[PDB]
file final-v2.txt (compact mmCIF, C-alpha atoms)
# COMPACT_ATOMS: atom_id res chain seq x y z
CA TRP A 4 2.48 -44.24 -20.88
CA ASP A 5 4.63 -47.35 -20.59
CA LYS A 6 5.21 -47.84 -24.30
CA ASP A 7 5.99 -51.56 -23.92
CA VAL A 8 2.60 -52.37 -22.44
CA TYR A 9 0.83 -49.75 -24.55
CA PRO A 10 2.92 -49.57 -27.73
CA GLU A 11 2.61 -46.63 -30.10
CA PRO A 12 4.46 -46.44 -33.44
CA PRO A 13 6.22 -43.10 -33.96
CA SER A 14 4.02 -40.33 -35.34
CA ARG A 15 5.97 -39.69 -38.52
CA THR A 16 4.44 -36.62 -40.17
CA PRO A 17 5.26 -35.25 -43.64
CA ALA A 18 6.85 -31.86 -43.96
CA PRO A 19 4.30 -29.18 -44.93
CA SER A 20 5.42 -28.64 -48.54
CA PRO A 21 3.13 -25.77 -49.63
CA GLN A 22 2.42 -24.62 -53.18
CA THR A 23 0.26 -21.51 -52.68
CA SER A 24 1.53 -17.98 -52.16
CA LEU A 25 -1.34 -17.65 -49.68
CA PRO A 26 -1.85 -18.19 -45.94
CA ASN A 27 -3.13 -21.11 -43.89
CA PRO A 28 -5.42 -20.08 -40.98
CA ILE A 29 -4.55 -23.24 -39.04
CA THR A 30 -0.95 -22.37 -38.21
CA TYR A 31 -1.44 -18.79 -37.05
CA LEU A 32 -4.39 -19.85 -34.92
CA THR A 33 -2.05 -22.49 -33.48
CA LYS A 34 0.49 -19.80 -32.60
CA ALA A 35 -2.23 -17.72 -30.93
CA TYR A 36 -3.62 -20.78 -29.14
CA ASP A 37 -0.15 -21.62 -27.86
CA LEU A 38 0.85 -18.19 -26.59
CA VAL A 39 -2.63 -17.64 -25.08
CA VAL A 40 -3.71 -21.01 -23.64
CA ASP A 41 -0.66 -23.25 -23.43
CA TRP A 42 1.62 -20.72 -21.71
CA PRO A 43 -0.47 -19.83 -18.62
CA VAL A 44 -1.61 -23.44 -18.36
CA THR A 45 1.99 -24.64 -18.42
CA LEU A 46 2.82 -22.00 -15.82
CA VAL A 47 0.05 -23.28 -13.56
CA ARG A 48 1.10 -26.90 -14.00
CA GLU A 49 4.75 -26.08 -13.31
CA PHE A 50 3.64 -24.30 -10.14
CA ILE A 51 1.61 -27.33 -9.13
CA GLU A 52 4.49 -29.68 -9.95
CA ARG A 53 6.99 -27.77 -7.84
CA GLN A 54 4.46 -27.63 -5.00
CA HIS A 55 4.16 -31.41 -5.27
CA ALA A 56 7.94 -31.71 -5.16
CA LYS A 57 8.00 -29.56 -2.02
CA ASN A 58 6.24 -32.37 -0.12
CA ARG A 59 6.47 -35.55 -2.19
CA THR A 60 4.66 -38.70 -1.09
CA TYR A 61 4.91 -42.26 -2.37
CA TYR A 62 2.64 -45.28 -2.66
CA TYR A 63 3.15 -48.97 -3.39
CA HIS A 64 1.51 -51.91 -5.16
CA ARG A 65 0.93 -54.63 -2.51
CA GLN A 66 2.59 -57.68 -3.98
CA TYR A 67 0.38 -60.63 -3.02
CA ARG A 68 2.36 -63.81 -2.46
CA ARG A 69 1.23 -67.14 -3.81
CA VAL A 70 -0.63 -69.65 -1.68
CA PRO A 71 -1.45 -73.39 -1.77
CA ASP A 72 -3.78 -73.76 -4.71
CA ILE A 73 -7.07 -75.59 -4.40
CA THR A 74 -5.69 -78.75 -6.01
CA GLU A 75 -3.49 -79.03 -2.90
CA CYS A 76 -6.61 -78.59 -0.75
CA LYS A 77 -8.71 -81.15 1.07
CA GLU A 78 -12.44 -81.60 0.59
CA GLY A 79 -13.96 -79.83 3.61
CA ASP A 80 -11.07 -77.74 4.93
CA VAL A 81 -12.80 -74.39 4.64
CA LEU A 82 -9.72 -72.32 5.53
CA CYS A 83 -7.49 -73.61 2.75
CA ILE A 84 -10.45 -73.45 0.37
CA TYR A 85 -11.13 -69.85 1.37
CA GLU A 86 -7.54 -68.79 0.74
CA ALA A 87 -7.43 -70.63 -2.58
CA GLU A 88 -10.73 -69.19 -3.78
CA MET A 89 -9.46 -65.75 -2.83
CA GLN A 90 -6.25 -66.04 -4.83
CA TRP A 91 -8.29 -67.45 -7.72
CA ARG A 92 -10.68 -64.49 -7.67
CA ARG A 93 -7.67 -62.18 -7.59
CA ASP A 94 -6.19 -63.84 -10.68
CA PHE A 95 -9.64 -63.71 -12.29
CA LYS A 96 -9.95 -59.93 -11.92
CA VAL A 97 -6.40 -59.62 -13.24
CA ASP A 98 -7.34 -61.69 -16.28
CA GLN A 99 -10.28 -59.42 -17.05
CA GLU A 100 -7.98 -56.41 -16.91
CA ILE A 101 -5.51 -58.16 -19.23
CA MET A 102 -8.33 -58.76 -21.68
CA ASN A 103 -9.25 -55.09 -21.44
CA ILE A 104 -5.65 -54.05 -22.16
CA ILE A 105 -5.55 -56.21 -25.26
CA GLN A 106 -8.90 -54.92 -26.49
CA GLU A 107 -7.59 -51.38 -26.00
CA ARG A 108 -4.50 -52.20 -28.06
CA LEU A 109 -6.73 -53.60 -30.80
CA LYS A 110 -8.95 -50.50 -30.92
CA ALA A 111 -6.04 -48.06 -30.95
CA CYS A 112 -4.36 -50.03 -33.73
CA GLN A 113 -7.61 -50.01 -35.70
CA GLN A 114 -7.87 -46.25 -35.39
CA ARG A 115 -4.29 -45.38 -36.26
CA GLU A 116 -4.18 -47.76 -39.22
CA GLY A 117 -7.68 -46.55 -40.02
CA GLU A 118 -8.65 -47.52 -43.53
CA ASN A 119 -5.81 -49.96 -44.28
CA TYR A 120 -6.35 -51.85 -41.04
CA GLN A 121 -7.22 -55.40 -42.14
CA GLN A 122 -3.68 -56.11 -43.37
CA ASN A 123 -1.42 -54.38 -40.80
CA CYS A 124 -3.61 -54.73 -37.67
CA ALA A 125 -3.54 -58.53 -37.71
CA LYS A 126 -0.90 -58.81 -34.98
CA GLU A 127 -3.15 -57.32 -32.31
CA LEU A 128 -6.04 -59.26 -33.84
CA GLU A 129 -4.35 -62.61 -33.26
CA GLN A 130 -3.11 -61.45 -29.86
CA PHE A 131 -6.78 -60.79 -29.07
CA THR A 132 -8.12 -64.06 -30.48
CA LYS A 133 -5.58 -66.22 -28.65
CA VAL A 134 -6.26 -64.68 -25.24
CA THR A 135 -9.97 -64.79 -26.03
CA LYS A 136 -9.79 -68.53 -26.66
CA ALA A 137 -7.83 -68.87 -23.42
CA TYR A 138 -10.55 -67.03 -21.49
CA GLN A 139 -13.10 -69.24 -23.22
CA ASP A 140 -11.29 -72.44 -22.22
CA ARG A 141 -10.76 -70.93 -18.75
CA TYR A 142 -13.81 -68.95 -17.53
CA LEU A 143 -16.61 -68.95 -20.09
CA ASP A 144 -19.38 -71.47 -19.48
CA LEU A 145 -19.47 -70.97 -15.70
CA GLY A 146 -22.05 -68.69 -14.08
CA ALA A 147 -22.44 -66.08 -11.37
CA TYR A 148 -21.18 -68.56 -8.77
CA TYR A 149 -17.81 -69.15 -10.42
CA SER A 150 -15.13 -70.52 -8.14
CA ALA A 151 -11.81 -72.33 -8.24
CA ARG A 152 -13.60 -75.67 -7.98
CA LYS A 153 -15.79 -74.98 -11.01
CA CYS A 154 -12.86 -73.86 -13.14
CA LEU A 155 -11.04 -76.99 -11.99
CA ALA A 156 -13.93 -79.26 -12.95
CA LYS A 157 -14.02 -77.56 -16.35
CA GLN A 158 -10.27 -78.00 -16.88
CA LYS A 159 -10.58 -81.63 -15.82
CA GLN A 160 -13.40 -82.38 -18.26
CA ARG A 161 -11.38 -80.75 -21.01
CA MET A 162 -8.23 -82.69 -20.19
CA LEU A 163 -10.36 -85.84 -20.26
CA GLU A 164 -11.61 -84.95 -23.73
CA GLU A 165 -8.04 -84.30 -24.86
CA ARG A 166 -6.87 -87.63 -23.45
CA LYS A 167 -9.71 -89.42 -25.23
CA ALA A 168 -8.67 -87.63 -28.43
CA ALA A 169 -4.94 -88.40 -28.27
CA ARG A 170 -5.89 -92.00 -27.46
CA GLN A 171 -6.59 -92.27 -31.19
CA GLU A 172 -3.46 -93.34 -33.08
CA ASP B 81 -7.29 -51.08 9.90
CA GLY B 82 -6.46 -53.19 6.84
CA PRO B 83 -7.11 -56.41 4.95
CA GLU B 84 -5.30 -58.79 7.28
CA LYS B 85 -7.93 -58.17 9.96
CA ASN B 86 -10.83 -59.13 7.70
CA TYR B 87 -9.03 -62.10 6.14
CA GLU B 88 -7.93 -63.70 9.39
CA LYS B 89 -11.15 -62.91 11.23
CA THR B 90 -12.97 -64.68 8.41
CA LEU B 91 -10.65 -67.65 8.86
CA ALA B 92 -11.45 -67.74 12.58
CA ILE B 93 -15.19 -67.61 11.92
CA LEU B 94 -14.84 -70.37 9.35
CA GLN B 95 -13.03 -72.76 11.67
CA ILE B 96 -15.62 -72.03 14.36
CA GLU B 97 -18.60 -72.84 12.16
CA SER B 98 -16.90 -75.86 10.57
CA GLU B 99 -16.22 -77.30 14.02
CA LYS B 100 -19.83 -76.63 14.98
CA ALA B 101 -21.05 -78.52 11.91
CA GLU B 102 -18.76 -81.44 12.75
CA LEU B 103 -20.07 -81.56 16.30
CA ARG B 104 -23.74 -81.32 15.30
CA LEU B 105 -23.45 -84.30 12.96
CA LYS B 106 -21.42 -86.17 15.57
CA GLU B 107 -24.16 -85.52 18.13
CA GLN B 108 -26.73 -86.90 15.71
CA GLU B 109 -24.88 -90.17 15.17
CA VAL B 110 -24.14 -90.41 18.90
CA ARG B 111 -27.80 -90.07 19.84
CA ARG B 112 -28.68 -92.60 17.16
CA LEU B 113 -26.31 -95.22 18.55
CA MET B 114 -27.20 -94.53 22.19
CA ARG B 115 -30.90 -94.97 21.48
CA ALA B 116 -30.53 -98.03 19.27
CA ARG B 117 -28.45 -99.65 22.00
CA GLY B 118 -28.31 -98.51 25.61
CA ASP B 119 -24.54 -98.59 25.92
CA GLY B 120 -24.34 -94.94 26.95
CA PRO B 121 -25.51 -92.49 29.60
CA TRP B 122 -28.46 -91.24 27.59
CA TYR B 123 -31.67 -93.09 26.81
CA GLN B 124 -31.14 -95.42 29.78
CA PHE B 125 -34.77 -96.09 30.54
CA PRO B 126 -35.69 -96.99 34.11
CA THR B 127 -35.79 -100.49 35.57
CA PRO B 128 -37.37 -101.81 38.78
CA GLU B 129 -35.63 -100.93 42.01
CA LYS B 130 -33.33 -103.57 43.46
CA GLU B 131 -33.11 -102.42 47.08
CA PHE B 132 -36.80 -102.97 47.90
CA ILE B 133 -36.51 -106.74 47.45
CA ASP B 134 -36.66 -108.79 50.65
CA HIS B 135 -33.82 -111.29 50.96
CA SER B 136 -34.64 -112.41 54.51
CA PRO B 137 -35.73 -115.93 55.46
CA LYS B 138 -39.32 -116.47 54.38
CA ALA B 139 -42.09 -118.73 55.71
CA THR B 140 -41.43 -121.38 53.05
CA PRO B 141 -38.00 -122.40 51.70
CA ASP B 142 -38.87 -122.44 47.99
CA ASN B 143 -39.74 -118.76 47.99
call {"tool": "encode", "arguments": {"input": "final-v2.txt", "output": "structure tokens"}}
result
Amino acid sequence: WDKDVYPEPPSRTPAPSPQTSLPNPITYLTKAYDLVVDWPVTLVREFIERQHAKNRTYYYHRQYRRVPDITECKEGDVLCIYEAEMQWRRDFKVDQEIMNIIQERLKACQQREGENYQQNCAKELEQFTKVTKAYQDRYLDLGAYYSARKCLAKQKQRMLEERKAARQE
Amino acid sequence: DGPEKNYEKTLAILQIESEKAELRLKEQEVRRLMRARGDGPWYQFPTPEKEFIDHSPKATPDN
């Protein structure tokens, strides 16, 4: 729908270019299908659309504002920890949906490129592998009881490994 | 009603139970100190009564 989140290259089709002096049953069946099925269906949907527009109603998104993270939180203060764990779990669900979006992009690219996919579907491939490695360095080796504190301990161990690495000249 | 109710009611319950934990552990250490040393109102074990002593003049001086 939003073609910046869900990009779709334009469906360039070749002109028919026929050689036979003979008919194609596809096209005339398409005409019949249109003037039989698509016309009453479009009538019904236009009716339903104008009846929506008679009494239109709106809904919103609930922007959630940021909160003191758990690193700014004291050992034992259960209220701050609760709020921080909640915003973490929120971001976690959002990250899963991001990963789903990128997997969807990858699959759709694979299908449209079809056979010649392993040369011109590498962009979405790398955009999948990078975010995958992020998720792996962010949420992977936890368990069912994941939490902000566990992700933080993981990040801290990894930063320690990186410090010990860059210690080497 | 909405999410604010649940969120903030949870926060109330959390402060309640955290305070209760604090006070339970405090009560434990308090009882420990009061029993190890009788500085406090509790665990003050009884002593002999003072008012039933006779202070009057006796039959001998070196009572």
call {"tool": "interface_residues", "arguments": {"input": "final-v2.txt", "of": "chain B", "to": "chain A", "cutoff": "10 Å", "atoms": "only C-alpha atoms", "output": "PDB file with C-alpha atoms, in the frame of the given file"}}
result
ATOM      1  CA  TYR B  87      -9.030 -62.100   6.140  1.00  0.00           C
ATOM      2  CA  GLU B  88      -7.930 -63.700   9.390  1.00  0.00           C
ATOM      3  CA  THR B  90     -12.970 -64.680   8.410  1.00  0.00           C
ATOM      4  CA  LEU B  91     -10.650 -67.650   8.860  1.00  0.00           C
ATOM      5  CA  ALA B  92     -11.450 -67.740  12.580  1.00  0.00           C
ATOM      6  CA  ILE B  93     -15.190 -67.610  11.920  1.00  0.00           C
ATOM      7  CA  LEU B  94     -14.840 -70.370   9.350  1.00  0.00           C
ATOM      8  CA  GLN B  95     -13.030 -72.760  11.670  1.00  0.00           C
ATOM      9  CA  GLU B  97     -18.600 -72.840  12.160  1.00  0.00           C
ATOM     10  CA  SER B  98     -16.900 -75.860  10.570  1.00  0.00           C
TER      11      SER B  98
END
call {"tool": "residues_around", "arguments": {"input": "final-v2.txt", "residues": "stretch 126-133 of chain A", "least_positions_apart": "3", "cutoff": "8 Å", "atoms": "only C-alpha atoms", "output": "short mmCIF file (atom, residue, chain, number, x, y, z; two decimals) with C-alpha atoms, keeping the file's coordinate frame"}}
result
data_model
loop_
_atom_site.label_atom_id
_atom_site.label_comp_id
_atom_site.auth_asym_id
_atom_site.auth_seq_id
_atom_site.Cartn_x
_atom_site.Cartn_y
_atom_site.Cartn_z
CA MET A 102 -8.33 -58.76 -21.68
CA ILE A 105 -5.55 -56.21 -25.26
CA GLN A 106 -8.90 -54.92 -26.49
CA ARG A 108 -4.50 -52.20 -28.06
CA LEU A 109 -6.73 -53.60 -30.80
CA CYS A 112 -4.36 -50.03 -33.73
CA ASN A 123 -1.42 -54.38 -40.80
CA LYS A 136 -9.79 -68.53 -26.66
CA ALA A 137 -7.83 -68.87 -23.42
#
call {"tool": "closest_residue", "arguments": {"input": "final-v2.txt", "among": "A:91, A:4, A:138, A:67", "to": "residue B:84", "atoms": "all atoms listed in the file"}}
result
A:67
call {"tool": "residues_near_point", "arguments": {"input": "final-v2.txt", "point": "(-9.9, -66.0, -12.2)", "cutoff": "10 Å", "atoms": "all atoms listed in the file", "output": "number ranges by chain"}}
result
A: 88-99, 138, 141-142, 149-151, 154
call {"tool": "atom_distance", "arguments": {"input": "final-v2.txt", "atom1": "atom CA of residue B:86", "atom2": "atom CA of residue A:87"}}
result
15.8 Å
